[PDB]
Amino acid sequence: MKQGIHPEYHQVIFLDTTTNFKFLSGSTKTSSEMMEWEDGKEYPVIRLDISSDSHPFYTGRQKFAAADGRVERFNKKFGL
Amino acid sequence: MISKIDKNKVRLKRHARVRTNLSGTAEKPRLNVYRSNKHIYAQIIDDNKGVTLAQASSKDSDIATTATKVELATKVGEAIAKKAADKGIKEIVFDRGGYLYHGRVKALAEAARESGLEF
Amino acid sequence: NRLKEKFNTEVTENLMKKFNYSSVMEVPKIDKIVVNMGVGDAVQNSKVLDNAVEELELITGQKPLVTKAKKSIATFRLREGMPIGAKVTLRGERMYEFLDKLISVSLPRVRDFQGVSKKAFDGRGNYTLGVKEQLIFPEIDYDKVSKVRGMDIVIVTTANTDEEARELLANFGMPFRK
Amino acid sequence: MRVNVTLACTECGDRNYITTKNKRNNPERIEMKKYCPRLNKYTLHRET
Amino acid sequence: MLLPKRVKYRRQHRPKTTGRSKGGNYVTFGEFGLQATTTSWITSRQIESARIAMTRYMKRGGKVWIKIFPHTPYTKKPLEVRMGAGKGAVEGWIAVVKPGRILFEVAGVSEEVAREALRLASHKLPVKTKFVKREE
Amino acid sequence: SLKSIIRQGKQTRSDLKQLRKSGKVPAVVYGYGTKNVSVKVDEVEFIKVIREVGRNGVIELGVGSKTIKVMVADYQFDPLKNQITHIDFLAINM
RNA sequence: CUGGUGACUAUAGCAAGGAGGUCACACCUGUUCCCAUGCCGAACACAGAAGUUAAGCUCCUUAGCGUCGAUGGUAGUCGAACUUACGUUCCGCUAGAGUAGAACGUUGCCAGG
RNA sequence: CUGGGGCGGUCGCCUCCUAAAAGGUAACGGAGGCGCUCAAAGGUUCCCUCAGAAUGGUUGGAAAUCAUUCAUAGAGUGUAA
RNA sequence: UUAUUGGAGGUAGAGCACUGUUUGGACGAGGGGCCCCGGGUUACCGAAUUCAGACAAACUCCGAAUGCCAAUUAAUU
Ligand SMILES: [Mg+2]
Ligand SMILES: [Mg+2]
Ligand SMILES: [Mg+2]
C-alpha cells in the first residue's frame, strides 16, 4: 500500500448492544469508547443496534404472525 | 472463476520483443538469463551459429549454497564471467530474458561486469 | 482473521467433503472484491464524484481509483476521458475484514432486508451484489452524506460454477433470499 | 501549429534554429536546449 | 422489379459477356429449370415478365425459384447530347447470363406443366433456352 | 457391375477431344491398393452399369489385366452437352 | 529423459480424453528489506518453503475443426492457323475448387538425469 | 482546355480504380482528399493489448462505470485512400 | 535471340475467408394479438445462427499463361 494515500485504518470492536455480540474487524471509524478483547489488547468499540445475530431474517424469528385468511377472519370476528 | 496467468509465457513474449534488436555474434555473444522461483541460469550464446559457449547456474553444485537468491545471483554472474574469460570472451550483449533489470537479474549482470565481461 | 480462520478450517472442510475435491488447491476461494460506484451525475457536477470518492474511501479504507469514460455518448452527455466513477479493489486481510463487516453489520443495516438474491451469479462462480444506499455501511454517517447513493460489490471467486460459489458464500454466512 | 518561430541562443543571441508553435497552445515565448555551433555546446535557445 | 437495395458504386464498367457460365449450371432447388444456351444481359423487367408468365400457367400450385439477380447497374446518357462530359445516369439493372446458366427453377408441378410454363417464360427472354431437369 | 476400361498415355488437348467425340470418357483410378492409373471408359456402358449399381454402388473395373472393385468418388459433367467429361474412381479396401 | 536457448510456411495449431511431481518447473507462504500499485504485494520486486499436483506445464491417444495436399480432369492463357463467330482448331503452359492422401511436428547447441 | 465556339465545368498537389500480375500509360472516365496539425500527437527507456458479444450488478435506460468468459483483430493508427 | 536458373508483382480464371450485393430453405434472444407476482404458443421473429445457391473495375482464402528484372550461365547472332 502506498504511504499517505490511504485513510487511517485500525482494528475496532463491533458490539451488538441488543445481543451483546463482540467481534473485531478493521475499520476507519474512531471510537472514544474502548473495550478489552480476548487477546491482551484494547480496541475502540463501535455499537450496533442490529447485527447478523440480532437481525430477524438471519435468526428466522417471526416478529409478527401471518395475516389471517378471509374465511378465518370472518369466522373469528363474528364467532361463527 | 478468474484465470491465473503463466508468468513464464508472459516474460517469453517480452523476451521475443527484446530479441528483435538483440542477438549474439561470435565477437559479441548474447548472455541469456533465465530466472525461476528458486534458481537463476546464465548461458553465453552465439546466435549466428546457434551454439552456447558457456553456462553457469545456481542449481550447479559448485554455485549451489545456502544464500539469498540475489546473493546466489551474484555468484552465478561471477562464475559465468570466469568461464567466458577461459573461452576468450570479453565482449557480450546482456539478454535480460524479458525479466525486469532489477534485483536478481541485475546482480548477475553486475557481477559479470565486475569479473571483467564488458557490457 | 475470523472470516479467514473459518475459511481455512470450517469452510474448506465443508467444501471438500461436498464436492469430493481430490486436492486442497481445488477448494474454491474468493480472489478479490471490487466496489464500483457509477456517478453519471459527476458530468453535471464534479463535486458529486468527489463526495462519492470520500464515501468509498471510508467504506473500504483505501483510496478509490477514479474511472474515466471509455467512449462519448450524447444521450448521457458523456465525453471520453471524463471521470464518471470510482472503484476500489480489496485483497488479502482488507477483503476478509470488509466481507465479514458486510454480512455482520452492513447487510443487517439494509432497510427492509429480506436476504440477498441467489440468482446474482454470472454463471462462472462470480457474484455481484448491489447496495441501494451507502448509509447501510457503518462508517458512513447520515449527516455527513449529502446524497444517498448505491454501490456495486463484485465478489470474484476461484469457483468454476455458481453452485460451488453459493456454498462458499453460505459457509461465510452470507444471507440468501432463497 | 499556426506560427513560425525563430529560436535565438541566450548566450550569443544567434538565431540558430527556426520552428513552429501554436500561439494559443503556447502563448509564452518557447525555450528549449539546442546545440549552438559558435559555442560548440548545447545552450538554452529562446523564441525571439 | 428485382434490384440491389444499395451499391457501393452506381456507375460501373459493363460486364464481360464472352465466355461460359461460372456457376448455377445445375438445378439445385427445383425438379426442373430453364437453361440458357446463349449469352445476353437480362434486365429486371425481363425477369418479371418471364416470372409472371410462368406463375400464371403454374397457377401458383408450384414454387418458382429465380436463380439470376440483376446486380449490375447500367447507365444511359440523356437524349440528344454530345459525347463526353461524364458518364450518364443509372437507367437499369442487369444480370449477365452465359450459356449453361439456369435462369429459373420450378417444382410442385408435373413435367408437362413445367415444360409449358418455362416455354412461356422463354419467349419473354432475349437468350435462347432449353428445358432442363435435376441430374443424378 | 463390371465394365472394361483401357489405359491411357500422356494426352494432348486434341486427343481428349477425340476421345469424348468417340464416346469414351477419360477417368482416373485411385484409392487403397492401387497406384493412380489414367483410364478410358465408354460413356454408354458406364451409364448402364451405374444405373444397375446406383450412384454409390461398387463396380468391378477391368483395369488392364487386373480387375479392381471401384466406386465413383466424383464425376465432371457438361450440362449443355449432356455428357460426362471425367470420372474419378476410388478403390475400396476389402 | 528433462530443462535452457535457437531453426523451420501450423504436416508443428485448436479441441477432447487420459497420465505425471524426491530433483525441476509452478501453484504457494509472507512483505522485513530492494522494488511496486493512476486503488490493490493482483501484477511487479524481494525474502522464503507450510502445503499441493488442483491449474499452468510436460507426456500419451485422437483427424472433429484448422493446416498441408496430389494424380486425373476443367477454366484461363503464350504462340500458330482459321475466322468475325458472345468464335473454331492445334501446340505449349496450366490453375482455383474439389478428391485420394499427409498430419496430434521435425531438429541445432549447452547443462543436468 | 473544350467531341466547333460561347455558356457551364476545370487548371497545383495527394490516394485509389480504369492500368491489360515490373514500371509507365489517356478521355470534360469512376471515387475521394490537401493548401494542415501536434511542444507531444517528437526522441528514448520500461510497461501494456483491442473492437464486439454473452452473463451478473444501483442510481443506469440498447448503450456510462464494475466483474468474469468468449473474442485474431472486425479496434486503434491526428487528417482522404 | 533462345535455353537454363532465381526473383519481384495480384491480372485472366476462380473463390466467397474480408467489404459490399443476393435467392430459397430451415431456425430462433425475446416480448407483443393470444391463451398465466400465479403460464403460454398458427405475425413480427426484425438480433443472431445454420444449410444450400449466386454476384463485384475500385472484394480476395487463392491464382496462372505471358510479360518484366537478373545470372564470373551456354548456343546462335
Ligand atoms: Mg502496373
Ligand atoms: Mg502489365
Ligand atoms: Mg473475373
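Order of the sequence lines sets the chain letters (A, B, ...), proteins ahead of strands, with each chain counted from 1. Heavy-atom basis, side chains included; hydrogens, waters and symmetry copies ignored.
- In H/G74 the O4'-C1'-N dihedral to the base is within 90° of 0, which defines a syn nucleotide.
- Without hydrogens or angle criteria, D/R46 side chain to D/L7 main chain gives no donor-acceptor distance under 3.5 Å.
- Going from the P atom of I/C35 to that of H/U58 covers 30 Å, rounded to whole Å.
- Straight-line distance between the P atoms of I/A54 and G/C104: roughly 36 Å, to the nearest whole Å.
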Listing, residues 116-124 of chain C side-chain donor-acceptor contacts under 3.5 Å, not counting sequence neighbours, or none:
residue, atom, partner, partner atom, Å
C/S117, OG, C/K119, N, 3.2
C/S117, OG, C/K119, NZ, 2.9
C/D122, OD1, C/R124, N, 2.7
C/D122, OD1, C/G125, N, 3.4
C/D122, OD1, C/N126, N, 2.9
C/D122, OD2, C/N126, ND2, 3.0

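- Distance B/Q43 CD to G/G108 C1': 13 Å, rounded to the nearest Å.
- Using atom P as the reference point in both I/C68 and H/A22, the two lie 10 Å apart (nearest Å).
- Remark: ring of E/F29 does not overlap the six-membered base ring of I/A52 in a stacked fashion, as centroids less than 5.5 Å apart with planes less than 30° apart are not both met.
- Contact annotation for F/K35: no contact, since no heavy-atom pair falls under 4.0 Å across all strands.
- At a threshold of 4.0 angstrom between heavy atoms, the contacts of B/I5 with the nucleic acid are absent.
- Where F/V37 and B/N37 each meet RNA chain G at their nearest nucleotide, the meeting point lying more 5' is that of B/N37.
- Taken together, G/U32 and G/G48 fail the test for a Watson-Crick or G-U wobble pair, since the two needed distances are not both under 3.5 Å.
- Nucleotides G/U107 and G/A55, compared at atom P, are 31 Å apart to the nearest Å.
- No Watson-Crick or G-U wobble pair links H/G6 with H/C47 with both defining distances under 3.5 Å.
- A Watson-Crick or G-U wobble pair links I/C62 with I/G13, each of its two atom distances being under 3.5 Å.
- Applying the 4.0 Å criterion to OP1 and OP2 of G/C35, one finds that B/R104 has every side-chain N and O outside that range.
- Nucleotides G/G13 and G/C65 are base-paired: the Watson-Crick or wobble atom pairs both lie closer than 3.5 Å.
- Remark: E/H13 is not in phosphate contact with H/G30, judged by side-chain N or O atoms under 4.0 Å from OP1 or OP2.
- To the nearest 0.5 Å, the span separating CE on C/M82 from CG on C/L49 amounts to 10.5 Å.
- Under a cut-off of 6.0 angstrom, the local environment of CG in D/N25 is crowded, with over 12 non-hydrogen atoms contributed by other residues, nucleotides or ligands.
- Projected onto RNA chain H by closest heavy-atom contact, B/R96 and C/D122 fall at different nucleotides, the more 5' of which corresponds to B/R96.
- Comparing the P positions of I/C44 and I/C27 gives an interatomic distance of 13 Å, to the nearest angstrom.
- No Watson-Crick or G-U wobble pair links G/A12 with G/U2 with both defining distances under 3.5 Å.
- The side-chain ring of C/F76 is stacked on the base of H/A64, judged by centre separation under 5.5 angstrom and plane angle under 30 degrees.
- Separation of the P atoms belonging to H/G4 and H/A26 is 23 Å when rounded to the nearest angstrom.
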If you look only at distance, which donor and acceptor atoms sit under 3.5 Å apart when one is on a side chain in residues 72-81 of chain C and the other is two or more places apart or in another chain?
residue, atom, partner, partner atom, Å
C/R77, NH2, C/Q44, OE1, 3.3

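- Nearest-nucleotide positions on RNA chain G for B/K38 and B/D6 put B/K38 closer to the 5' end.
- Spacing between G/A24 and G/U58 at atom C1', rounded to whole Å, works out to 11 Å.
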